[PDB]
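Following: one structure in structure tokens, then a few remarks.
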Ligand SMILES: Nc1nc2c(ncn2[C@@H]2O[C@H](COP(=O)(O)OP(=O)(O)NP(=O)(O)O)[C@@H](O)[C@H]2O)c(=O)[nH]1
Ligand SMILES: [Ca+2]
Ligand SMILES: [Mg+2]
Ligand SMILES: [Mg+2]
């Protein structure tokens, strides 16, 4: 049926893999195993439409992000993830937005800004600060927790709804 190619990007350790695995496999990965490039596929019904989700989980660690650019080129929408307890990952979003623009050769790419680890209390990125960044990009800001599942489905489904507006 209809297929949506989603790509999850962001700094190392922000929770890209945990988010993807929680969405697809329904469990929380507690350990930290740096990702090279992994893909997941699953048939789901989103807003009444039966579709195929192809999610590319990318590397956030520089040393493991070799051919990242090439893997991303096929993506139709991107989840730009940072962790609410990692100010540097939030400041890093700028770099991922630029990479996406290069990979897609477009300044109009479906995207969603995601502030992950919202279950943690050492918050250094306030909601309003992220809402403002998202507003400047003209995209939605959603907070998530791969641990509790809060906002996880919302984040991924919202990205699909953004692709549909493209
Ligand atoms: N409390 C909490 N921990 C989280 C959350 N998401 C991820 N983590 C934890 O953060 C660590 C890194 O998560 P991981 O998904 O591997 O991050 P990544 O962005 O995929 N890293 P990499 O880019 O190297 O592939 C793990 O110990 C994981 O359990 C969350 O929502 N809440
Ligand atoms: Ca391990
Ligand atoms: Mg990972
Ligand atoms: Mg501050």
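Throughout, read-outs are computed from the coordinates displayed, never taken from laboratory work. We place every Cβ from the backbone using ideal geometry, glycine too, and count neighbours over all the protein chains shown.
A quick yes/no check of all residues on (1) within 16 Å of ligand 2 (Cβ to nearest atom); (2) part of a helix (DSSP H, G or I); (3) in contact (Cβ under 8 Å) with a residue 12 or more places away in the chain; (4) farther than 19 Å from residue 152 by Cα:
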{"site": "13", "(1), (2), (3), (4)": "yes, no, yes, no"}
{"site": "39", "(1), (2), (3), (4)": "no, no, yes, no"}
{"site": "54", "(1), (2), (3), (4)": "no, no, yes, no"}
{"site": "96", "(1), (2), (3), (4)": "no, yes, yes, yes"}
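Scanning region 110-166 for residues that are crowded, with 19+ Cβ neighbours inside 10 Å and on the phi > 0 side of the Ramachandran plot yields 117, 151.
Please tell me if residue 134 is in contact with a strand residue (DSSP E or B) (Cβ under 7 Å, 6 or more places away or on another chain), outside any loop (DSSP other than H, G, I, E, B) and without any contact (Cβ under 8 Å) to a residue 24 or more places away in the chain. Here the answer is yes, as residue 134 does meet what is asked. With respect to being closer than 21 Å to residue 60 by Cβ, touching a strand residue (DSSP E or B) at 6+ places or on another chain (Cβ under 6 Å) and either within 16 Å of ligand 4 (Cβ to nearest atom) or assigned to a helix (DSSP H, G or I) (or both), residue 71 fits the description.
Pairing residues of region 26-37 that are outside any loop (DSSP other than H, G, I, E, B) with residues that are near ligand 1 (Cβ under 6 Å from one of its atoms), at Cβ distances under 8 Å and at least 6 apart in sequence or on separate chains, gives 37/59.
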